[PDB]
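Participant: Handing you this structure, nothing more for now.
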Amino acid sequence: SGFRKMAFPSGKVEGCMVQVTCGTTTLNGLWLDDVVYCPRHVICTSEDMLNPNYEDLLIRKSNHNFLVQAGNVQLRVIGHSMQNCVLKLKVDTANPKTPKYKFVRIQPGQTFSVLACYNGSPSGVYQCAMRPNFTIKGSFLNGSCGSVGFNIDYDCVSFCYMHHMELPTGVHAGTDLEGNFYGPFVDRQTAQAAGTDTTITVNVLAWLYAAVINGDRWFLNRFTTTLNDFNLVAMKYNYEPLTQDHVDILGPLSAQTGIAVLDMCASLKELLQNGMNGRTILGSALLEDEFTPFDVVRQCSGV
Amino acid sequence: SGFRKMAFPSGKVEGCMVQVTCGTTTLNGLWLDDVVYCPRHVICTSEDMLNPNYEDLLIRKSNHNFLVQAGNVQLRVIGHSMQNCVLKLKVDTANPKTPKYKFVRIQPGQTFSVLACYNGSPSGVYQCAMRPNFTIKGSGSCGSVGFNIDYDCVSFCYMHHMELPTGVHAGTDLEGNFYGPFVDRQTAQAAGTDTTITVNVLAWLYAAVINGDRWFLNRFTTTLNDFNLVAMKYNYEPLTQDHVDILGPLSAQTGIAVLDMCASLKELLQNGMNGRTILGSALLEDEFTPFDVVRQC
Ligand SMILES: O=c1c(O)c(-c2cc(O)c(O)c(O)c2)oc2cc(O)ccc12
Ligand SMILES: O=c1c(O)c(-c2cc(O)c(O)c(O)c2)oc2cc(O)ccc12
């Protein structure tokens, strides 16, 4: 009963967080097996930030120029390598707390948990979505770079996000764990445009299904709609187009509530065109798009 | 920057969660030192739920009637005791993962993180407030615990026992005392009229200012009493001087008098937000304490 925006249990990731210092810059790194991963801008000074040449900057660094601390333990750096926008520090000790893990790149609209850390130490954990424009609206103070986002299958941690920077708009941008940025962003201190953001339609629909599961049925109409009529409305209201793939993954929720996806779309259409008139759904006067269909099913019997 | 409803890192609590089975009822337990804590209704059968006599029910149980499994291993129960509404199952093995910990009873309006578990295993973690009526709007789960973390010490403040017929959740501290007027019986039970946690809304408005959302601010002022008259009308907790005092550090960092923020909240209550949002929400948010805002900002 009830419905919460829940994050993954963070213990498997807490045991991987280390502190990485180079020059005067300190940030968070991810220690898995015998490799520590961190944003490459750890090698930049305040005078490099405008247009750094990372290859030239890295060439002036040696293994002993990187201090990696795991709790009260210094790790010995026995090698360094740059892969896209992340730095990989080879250390002489494998992490005894290495969970089973994968590196994954996620699609826009997918969700993950973020373990916000500061100089190697966890501060908190929260659940968020990769925006359609490849940014995230997180909580990252100065010193948070290197904090990672993740999902957990059962005992396996799929790392999907590493935080690099806050854009001038206040939203956050980062890479997968191979150093490839989500979206058009580069790790330089220049103004950079994020694309026009949209609402994740399939997530709103999943969350309306969650509302029905919890008794909030007031928004349900028996009006119906075609997929393409709905998408015309979605475009007007800056919602992501709804595809058959989205309809397919909403299947299990359609079955449980006995509500055809297109009937739920017609009810969402009414919400988009008429508003909520001061009523709420699952305690919100706004339409929530940070629950995937999987998240909703998962909360209804998880672990 | 940015502002999220963040939960505490849950690792120190994950290592304390075990599975407790008695009869045919299985639920979550908390394993600290050589004691496993769990709701006492684990000893009830489906025929006892309506009006159990827990002393009589426990008297018919022995140590071998409690199955405590920590991951892949059974723990040996070498004694049992009932303290108010929780069982303490003495075991022959101290939890090697016991964090530094305290048991704390919290006040209404204070916040904590919940590690929602099912039959001993974590499902997720979320941040919530103890409602003024002592219920919790949260999400096999009985025995999951709520907690705060100071630095390396876990203050356990909550254990989940039951869902009320309204769907809200109720539970105890770790000495087994219920928050609120509730009893661990399967009967209809009223929770009091809930109110909004005023001092938390004010803290969150400070967080909004810190993150750039200043649009609700005015130089219109108010007394503590003029404000509280408004607060009562909109089902808001009355604002005390203690509340004004703990909002001090936020007032000092932002340059906004507490009463100025109160007057700004007064206008929000009387006029609504008129379709505008604060920190991405169209409703006034009351699950951040002044401390929560300060530690996150
Ligand atoms: O937004 C940025 C940022 O937060 C940091 C950062 C993060 C940390 O955690 C640190 O410790 C630190 O020194 C710097 O570096 C950047 C470098 C760029 O080239 C562009 C943008 C950023
Ligand atoms: O709401 C209640 C509830 O959820 C459970 C419960 C929880 C679990 O996690 C279990 O595994 C389990 O068997 C039972 O027991 C109750 C017992 C009462 O006397 C009154 C209310 C509840």
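Participant: Once you put a point 7 Å from the Cα of A:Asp33 and another 7 Å from the Cα of A:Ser121, both along the Cβ direction, what distance in nm separates them?
Facilitator: According to this spin-label approximation, the distance is 3.1 nm.
Participant: Which whole-angstrom value gives the distance between the alpha carbon centres of the stretch B:177-255 and the stretch B:43-58?
Facilitator: The two parts, judged by their Cα centres, are 40 Å apart.
Participant: While we're here: I'd like the FRET efficiency for B:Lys90 and B:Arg214, computed as 1/(1 + (r/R0)^6) with the beta carbon distance as r and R0 of 51 Å, rounded to 0.05. Don't skip to the answer; put the middle values down first.
Facilitator: Working: r = 56 Å, r/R0 = 1.11.
With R0 = 51 Å, the Cβ-Cβ based efficiency is 0.35.
Participant: Here's a follow-up. Label the stretch B:84-215 by shape, choosing from rounded, prolate and oblate, from the square roots a ≥ b ≥ c of the eigenvalues of the Cα gyration tensor; if a/c is under 1.5 it is rounded, and otherwise prolate applies when a/b is larger than b/c, oblate when it is not. Don't skip to the answer; put the middle values down first.
Facilitator: On the way: a/c = 2.12, a/b = 1.30, b/c = 1.63.
Judged from the Cα gyration tensor, the stretch B:84-215 comes out oblate (a/c at least 1.5, b/c at or above a/b).
Participant: Hey, another quick one. From the helices alone, meaning DSSP H stretches of at least four residues, give me the mean residue ellipticity at 222 nm for chain A, per-run term -39500 (n - 2.57), in deg cm²/dmol to the nearest 500. If you can, show how the numbers build up before the last one.
Facilitator: On the way: 8 runs with 67 residues, N = 303.
The helix-only estimate for chain A comes to -6000 deg cm²/dmol at 222 nm.
Participant: Which residue, A:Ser267, A:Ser46, A:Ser147, tops the fluctuation ranking in a GNM of chain A built on C-alpha contacts under 10 Å?
Facilitator: Per the Cα network of chain A with a 10 Å cutoff, A:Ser46 tops the list.
Participant: Same structure, new question: Rank A:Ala94, A:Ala173, A:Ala191 by mean-square fluctuation in a GNM of chain A with C-alpha springs under 10 angstrom and give only the top-ranked residue.
Facilitator: With Cα springs under 10 Å in chain A, the top fluctuation among A:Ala94, A:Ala173, A:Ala191 is at A:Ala191.
Participant: Using a basic spin-label model with each label point 7 Å from the Cα along Cα→Cβ, how many nm lie between B:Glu163 and B:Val73?
Facilitator: A separation of 3.5 nm, rounded to one decimal place.
Participant: Arranged by the count of other C-beta atoms within 10 angstrom, fewest first, what order do A:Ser284, B:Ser1, B:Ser139 take?
Facilitator: Values: A:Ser284 14, B:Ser1 17, B:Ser139 22.
With the sparsest Cβ surroundings first, the list reads A:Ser284, B:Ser1, B:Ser139.
Participant: Oh, and also: In nm, to one decimal, how far is the B:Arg105 label point from the B:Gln270 one, both placed 7 Å along Cα→Cβ?
Facilitator: So the two model labels end up 4.0 nm from each other.
Participant: Applying 1/(1 + (r/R0)^6) with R0 = 35 Å to the Cβ-Cβ distance of B:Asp152 and A:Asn180, what FRET efficiency is obtained, to the nearest 0.05? It would help to have the intermediate numbers written out before the result.
Facilitator: Working: r = 36 Å, r/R0 = 1.02.
Working from the Cβ atoms, E equals 0.45.
Participant: Another question about this same structure. Just subtract the alpha-carbon distance of A:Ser1 and A:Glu55 from 0.36 nm times their residue separation and send over the number in nm, one decimal. If you can, show how the numbers build up before the last one.
Facilitator: Working: separation 54, 0.36 × 54 = 19.44 nm, distance 5.36 nm.
Contour length minus Cα-Cα distance gives 14.1 nm.
Participant: Per the Debye formula with a single identical scatterer at each Cα and no solvent contribution, what log10 I(q)/I(0) holds for chain B at q = 0.09, 0.10, 0.14, 0.16 Å⁻¹?
Facilitator: -0.50, -0.60, -0.99, -1.18
Participant: Based on the Cα atoms of the stretch B:15-99, what semi-axes does the equivalent ellipsoid have, where each is the square root of 5 times one gyration tensor eigenvalue, given in whole Å with the largest first?
Facilitator: For the stretch B:15-99, the ellipsoid semi-axes come out as 22, 12, 11 Å.
Participant: Pop the C-beta distance of A:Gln189 and A:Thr98 into the FRET formula with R0 = 45 Å and round what comes out to the nearest 0.05.
Facilitator: Details: r = 34 Å, r/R0 = 0.75.
The pair A:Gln189/A:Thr98 has a calculated efficiency of 0.85.
Participant: Turning to a different aspect of this structure: Would you mind counting up the charge near A:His80? Only other residues with Cβ under 14 Å from its Cβ, with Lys and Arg at +1 and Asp and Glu at -1. All intermediate terms of the calculation are to be shown ahead of the outcome.
Facilitator: Values: positive: A:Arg40, A:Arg60, A:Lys61, A:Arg76, A:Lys88, A:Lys90; negative: A:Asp34, A:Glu55, A:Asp92.
Neighbour charge sum, excluding A:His80 itself: +3.
Participant: Follow-up question, since we're still on this one. Sort largest first and round to whole Å: the equivalent ellipsoid semi-axes of the stretch B:147-288, each the square root of five times a Cα gyration tensor eigenvalue.
Facilitator: Working: eigenvalues 203, 74, 43 Å².
Computed over the stretch B:147-288, the values are 32, 19, 15 Å.
Participant: What percent do you get for the relative contact order of the stretch A:1-150 when only Cα pairs under 8 Å and 6+ apart count? It would help to have the intermediate numbers written out before the result.
Facilitator: Working: 288 pairs, mean separation 43.6, N = 150.
Relative contact order for the stretch A:1-150 comes out at 29 percent.
Computed from the coordinates by the stated procedures, all read-outs in this text should not be read as laboratory data. Every residue, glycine among them, receives a Cβ derived from its backbone with ideal geometry; neighbour counts consider all protein chains shown.
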